[PDB]
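K.L.:
Sending over a structure as structure tokens; questions will come in a sec.
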Amino acid sequence: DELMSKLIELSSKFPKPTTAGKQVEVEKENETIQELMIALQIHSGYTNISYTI
Amino acid sequence: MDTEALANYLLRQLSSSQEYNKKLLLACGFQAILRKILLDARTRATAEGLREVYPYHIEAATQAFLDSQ
Amino acid sequence: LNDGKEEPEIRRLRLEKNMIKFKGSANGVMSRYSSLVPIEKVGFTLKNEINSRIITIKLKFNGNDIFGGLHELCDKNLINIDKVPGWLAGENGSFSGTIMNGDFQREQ
Amino acid sequence: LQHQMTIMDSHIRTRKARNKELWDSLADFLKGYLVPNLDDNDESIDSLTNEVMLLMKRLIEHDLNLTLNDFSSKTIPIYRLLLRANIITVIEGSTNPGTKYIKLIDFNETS
Amino acid sequence: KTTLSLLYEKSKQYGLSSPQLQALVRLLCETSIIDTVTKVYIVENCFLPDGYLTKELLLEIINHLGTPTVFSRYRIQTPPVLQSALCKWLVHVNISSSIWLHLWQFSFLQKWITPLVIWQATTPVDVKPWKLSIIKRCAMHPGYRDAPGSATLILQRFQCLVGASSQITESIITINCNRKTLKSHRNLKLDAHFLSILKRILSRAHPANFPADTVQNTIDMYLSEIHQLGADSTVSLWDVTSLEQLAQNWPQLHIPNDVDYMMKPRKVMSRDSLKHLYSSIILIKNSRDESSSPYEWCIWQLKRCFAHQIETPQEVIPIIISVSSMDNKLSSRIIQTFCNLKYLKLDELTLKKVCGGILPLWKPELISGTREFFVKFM
Amino acid sequence: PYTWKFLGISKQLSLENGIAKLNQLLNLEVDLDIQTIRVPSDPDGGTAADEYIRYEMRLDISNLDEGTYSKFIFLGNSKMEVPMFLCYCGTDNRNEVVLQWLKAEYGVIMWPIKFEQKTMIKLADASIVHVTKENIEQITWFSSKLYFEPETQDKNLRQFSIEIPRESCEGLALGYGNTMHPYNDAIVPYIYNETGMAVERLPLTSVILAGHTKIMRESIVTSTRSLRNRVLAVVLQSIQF
Amino acid sequence: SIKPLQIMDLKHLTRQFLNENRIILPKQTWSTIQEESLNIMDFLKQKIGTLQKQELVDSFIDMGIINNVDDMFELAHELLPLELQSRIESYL
Amino acid sequence: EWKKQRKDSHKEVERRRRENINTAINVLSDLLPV
Amino acid sequence: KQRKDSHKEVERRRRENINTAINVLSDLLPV
């Protein structure tokens, strides 16, 4: 009970629950490039295929 | 079976790497010919509407392919 | 139709009534539910005259031991044992036909 | 929650860095390994590589204009590898004879 | 061959560490002078995992898993049978999911990659329509007998993961499946004899962490998941998937109301660990009151058990016990409403297990009205 | 043959709240129906307990595509414990997208619908009864047959059926007299009356009418255009405690 | 003779075809196809004599199976796994 | 549509006509001694 | 060689049998 009271107080202390497009486009481009590099490296049997982000 | 088996049969009938590749290509062509003949026969049968395909469609398709080529 | 725990002696006698009408005796002429002769498919037809017209009910059974199966259902109190007729109990078994006026007629 | 309040009491750069890294790691892969493995025209790597970047930018944009014909024989083994890559196709083409037509689906699309 | 024979016994007795496994598979894939059959035997038997393989070891296997093409001038040659055996050993033991699928399209790997792509994929974001296009491409393209059965498995895994997309049945109708591969791809190679050596090696090497016996349970979790399908930021409560990632957006986290989905029981942490905290999250997101949806859900599901509307009465009884332990203001209504003798007539057994687990916890609240009501119950 | 999937509602909800905001998630227009009628529980008179509210809409543009056709029919009360239930037919994404949209909107959670013998037989009574435009009730009869699948060891008796010609159905109700529930007083007792088996105690699998309906516990199947009102009402009372 | 394919060989070929596109064919058509397959083996042998790459390419172009060597290895890729077509593309 | 309603009415009429023959032949079979 | 039968054909034969049975029954009728 007292733990719940303290945690309710802490929750009340917190706020209530609720170039950006260029950055989204860059993230999409990175996804496409990493997918295509992984695909091509697998097709060619590359010896240095690694995780691409 | 496989296209490799068809190539082996074709080289048995005829009697290296390039010869084996030629056998593989010829077997692929044979596969295409058979697929075309079967497709023509099935199209004819479906146009008729039979419950089961019958050998006369197969014979007609094969004779048409033989005469055309 | 409407329903208390039965006495074990009353329970034994109630279980004996079911076996008498499907096996013919308390001990049984012949697990315990297997009949003398198992049959697969029997289909009855019941016709009765009510208010100057005929009422027809058709019953079809399928299984491994039809009369053995009916015996078990009577043990679970699903079917009243007093009101089951003779033909449903196993009388003139393996023969399916129309029943009228209490008389069984074989299928032509 | 107490640590969060301690944080309270007390992104875009990596995406651009990743874009430069992935682009650089891509071109290095094509020139360093892919083109030498292509070994077309007595390993004339400089001429072979130049088509690779254009084909890549068309693939990055997911262009549908790729075809066996209307292209140099140098690009064919890369494109033939793409045919064997089992990543792009629809059927054998009919408008242009002798060519199996391609289709490429965008990687950015999410259902 | 004498040195290789000595290596087999040494590798069998002392296992193979993760750096050793990647070094040996790199050397094995580097040279093709030795026979192809003994290269398969090395991966199948000589290779001995310790715990679970690291990401770099998997990446090195991915490098050697590539099928030989016309682009094999600088690459180290690898037989397709060795590649099939290399991934077969992987069955025995977001970006990663995409790597496997690009490797799955190969004819000799589709029968062994298929479990791997399912394991690495656990979020709907990994499911993309173009991946399904490649899957159905490998399915329809002839000469790949093991593909359509494996294609259906990945199709179902992706469809069930996303939960909102076009039906994948049209992508299975256009392909031909004999369903003999689907049954085979659904099953995972147990390798019971290999399992004991795996246990001893994980107990031996190298750091005695991330044990594969737990991974074997995860493999069983992987096995169960495969079989069932075959046969700061403002996000929702379930849009999160990691506990640490949940703490940052907690001041801005909004909770949609899907109650029993909270209650009804790898690259990213599993959902099962979150749902234990999810129950406590709602208990702290909303103060204890009669208007709380989960509290009303407990009352409604309790009435289902009494009327036998639920499929089995005891499915939700443990859940109700845990929730109703607290909330003295709402623990009474659990008792006050259901302490009447009318509920006893409907089911006396269900009333017993809920009565005995709540009364010791409950506190007196009503000054009057409640002694006599309970005395009536006695 | 159209298969209907049944489903219940925990607390009364409002559905016409935002037909404009139910479409942009789905990207095509959906209409609305507001309708309420009399459901006489007793022909002599009816209290306020039969006050029913029904909603109905669809998710389609193509009338040619009969297969990809689905309807969501709502009906229920507001004064008893369970306010309403719902039913739908067909398999598609449209049969659930709205379903999540009110998953997280009202807080009502769903549960499969359970039928047993106390309810299964009485559905055919509401199916066979008819109402005209002059509020005159006449019954269109059908040759009902029953499916029985008793659980047993050795599978001695695994499935048996009872068939009744419905001219004999006519001869049974007339003997009893003018009844509003023919299966209470002409049919079900008569099976016990002659053969001595209790239909309700025995496990019943299906009740089949002659080309009108197809009743099974898992789901109800009907070849009609749309379900009627008495059927929904009797389902509502049956699932009520 | 020995060359014409048995029933199971045609069944596997039509399994490949089913993978390409679901197509249904009956039993007696397999025997008819076996007889006509002996006939078509004779047809192909008279169509393709001593095995030369250009000769085979010209014969298949005339037969309408292919349009060029491009369609040659495209059909090879369609009907066979990856490594054999790596070999073919090295040869072609 | 109107065509669908016409089809439904036709189906109902056909079903009634089919059932009438069955009822008549059932009566006839009742009348027979064998 | 060839199969000349169908499920469609036999049902037509059964329908014709029923029709001719009805006809021979109606022959004895006075009207």
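If you're wondering about the labels, chains in the structure tokens are A, B, ... by order shown, residues count from 1 in each chain, ligands from 1 in order shown.
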Check every residue of chain D for an atom within 6 Å of chain A, counting only C-alpha atoms, and provide those that qualify as a VMD selection string.

P.N.:
chain D and resid 19 85 107 to 108

K.L.:
Would you put the residues from that selection into a file with N, CA, C and O atoms, as a PDB file, in the first residue's frame?

P.N.:
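Wrote result11.pdb, looks like this:
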```pdb
ATOM      1  N   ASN D  19      24.366   6.957 -43.828  1.00  0.00           N
ATOM      2  CA  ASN D  19      24.168   7.135 -45.263  1.00  0.00           C
ATOM      3  C   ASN D  19      25.500   7.245 -45.994  1.00  0.00           C
ATOM      4  O   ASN D  19      25.682   6.648 -47.062  1.00  0.00           O
ATOM      5  N   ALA D  85      19.834 -14.282 -58.866  1.00  0.00           N
ATOM      6  CA  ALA D  85      19.779 -13.877 -57.468  1.00  0.00           C
ATOM      7  C   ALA D  85      18.456 -14.233 -56.807  1.00  0.00           C
ATOM      8  O   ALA D  85      18.368 -14.197 -55.575  1.00  0.00           O
ATOM      9  N   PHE D 107      12.147  -1.507 -51.350  1.00  0.00           N
ATOM     10  CA  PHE D 107      12.471  -1.993 -50.013  1.00  0.00           C
ATOM     11  C   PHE D 107      11.808  -1.149 -48.932  1.00  0.00           C
ATOM     12  O   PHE D 107      11.524  -1.654 -47.840  1.00  0.00           O
ATOM     13  N   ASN D 108      11.556   0.131 -49.216  1.00  0.00           N
ATOM     14  CA  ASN D 108      11.002   1.030 -48.210  1.00  0.00           C
ATOM     15  C   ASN D 108       9.526   0.774 -47.940  1.00  0.00           C
ATOM     16  O   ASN D 108       9.018   1.204 -46.899  1.00  0.00           O
TER      17      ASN D 108
END
```

K.L.:
Set the distance at 12 Å and use only C-alpha atoms: which residues neighbour residue 24 (chain B) once local chain neighbours fewer than 6 positions away are removed? I'd like the list as a ChimeraX atom specification.

P.N.:
/B:2-11,17-18,30-31 /G:51,53,56,72-73,75-77,79-80,84-85,87-88,91

K.L.:
With a distance threshold of 9 Å and counting only C-alpha atoms, extract the residues of chain B near chain I and express them as a list in words.

P.N.:
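Interface list for chain B against chain I: residues 51, 54, 55 and 56 of chain B.
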
K.L.:
For chain G versus chain E, which residues have an atom no more than 6 Å away, and what is each residue's nearest atom pair and distance in Å rounded to one decimal, using only C-alpha atoms, chain-then-number order, as CSV?

P.N.:
```
residue,atom,partner,partner_atom,distance
G:16,CA,E:142,CA,5.1
G:18,CA,E:176,CA,5.7
G:19,CA,E:176,CA,4.9
G:20,CA,E:140,CA,5.2
G:79,CA,E:143,CA,5.5
G:80,CA,E:143,CA,4.9
G:81,CA,E:143,CA,5.8
G:86,CA,E:69,CA,4.9
```

K.L.:
Name the residues of region 55-106 of chain C that come out as strand (DSSP E) in a backbone DSSP run; write them as a tab-separated table (two decimals) with N, CA, C and O atoms, in the first residue's frame.

P.N.:
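Okay, selection.tsv is ready:
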```tsv
chain	number	residue	atom	x	y	z
C	55	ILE	N	-48.24	-40.81	-38.62
C	55	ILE	CA	-47.05	-40.09	-38.20
C	55	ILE	C	-45.86	-41.04	-38.37
C	55	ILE	O	-45.85	-42.13	-37.79
C	56	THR	N	-44.87	-40.62	-39.14
C	56	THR	CA	-43.72	-41.45	-39.47
C	56	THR	C	-42.46	-40.87	-38.85
C	56	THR	O	-42.19	-39.67	-38.99
C	57	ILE	N	-41.70	-41.71	-38.17
C	57	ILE	CA	-40.39	-41.35	-37.62
C	57	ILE	C	-39.39	-42.39	-38.09
C	57	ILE	O	-39.62	-43.60	-37.94
C	58	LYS	N	-38.28	-41.93	-38.66
C	58	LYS	CA	-37.25	-42.81	-39.19
C	58	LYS	C	-35.98	-42.68	-38.36
C	58	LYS	O	-35.48	-41.57	-38.16
C	59	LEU	N	-35.48	-43.81	-37.87
C	59	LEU	CA	-34.28	-43.86	-37.05
C	59	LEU	C	-33.21	-44.67	-37.77
C	59	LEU	O	-33.48	-45.79	-38.23
C	60	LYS	N	-32.01	-44.11	-37.88
C	60	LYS	CA	-30.88	-44.78	-38.50
C	60	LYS	C	-29.71	-44.79	-37.52
C	60	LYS	O	-29.35	-43.75	-36.97
C	61	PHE	N	-29.13	-45.97	-37.31
C	61	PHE	CA	-28.03	-46.15	-36.38
C	61	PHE	C	-26.80	-46.65	-37.13
C	61	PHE	O	-26.91	-47.39	-38.11
C	62	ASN	N	-25.63	-46.24	-36.66
C	62	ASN	CA	-24.37	-46.65	-37.27
C	62	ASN	C	-23.30	-46.74	-36.19
C	62	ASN	O	-23.22	-45.87	-35.32
C	98	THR	N	-40.24	-51.69	-41.04
C	98	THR	CA	-41.31	-50.84	-40.53
C	98	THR	C	-42.03	-51.51	-39.37
C	98	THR	O	-42.19	-52.73	-39.34
C	99	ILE	N	-42.46	-50.70	-38.40
C	99	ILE	CA	-43.17	-51.17	-37.22
C	99	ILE	C	-44.54	-50.49	-37.19
C	99	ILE	O	-44.63	-49.27	-37.32
C	100	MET	N	-45.59	-51.29	-37.02
C	100	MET	CA	-46.95	-50.78	-36.89
C	100	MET	C	-47.70	-51.60	-35.86
C	100	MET	O	-47.53	-52.82	-35.79
C	103	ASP	N	-46.29	-54.46	-34.14
C	103	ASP	CA	-45.80	-55.59	-34.91
C	103	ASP	C	-44.66	-55.16	-35.82
C	103	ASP	O	-44.74	-54.10	-36.46
C	104	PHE	N	-43.62	-55.97	-35.87
C	104	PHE	CA	-42.42	-55.67	-36.65
C	104	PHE	C	-42.50	-56.36	-38.00
C	104	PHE	O	-42.74	-57.57	-38.07
```

K.L.:
Step one, run DSSP on the backbone; step two, keep only residues of chain G assigned to helix (DSSP H, G or I); then write them as a PyMOL selection string.

P.N.:
chain G and resi 7-20+28-47+53-63+69-79+82-91

K.L.:
Just need the residues of chain H within 12 Å of chain I, counting only C-alpha atoms, so spit them out as a ChimeraX atom specification.

P.N.:
/H:21,25,28
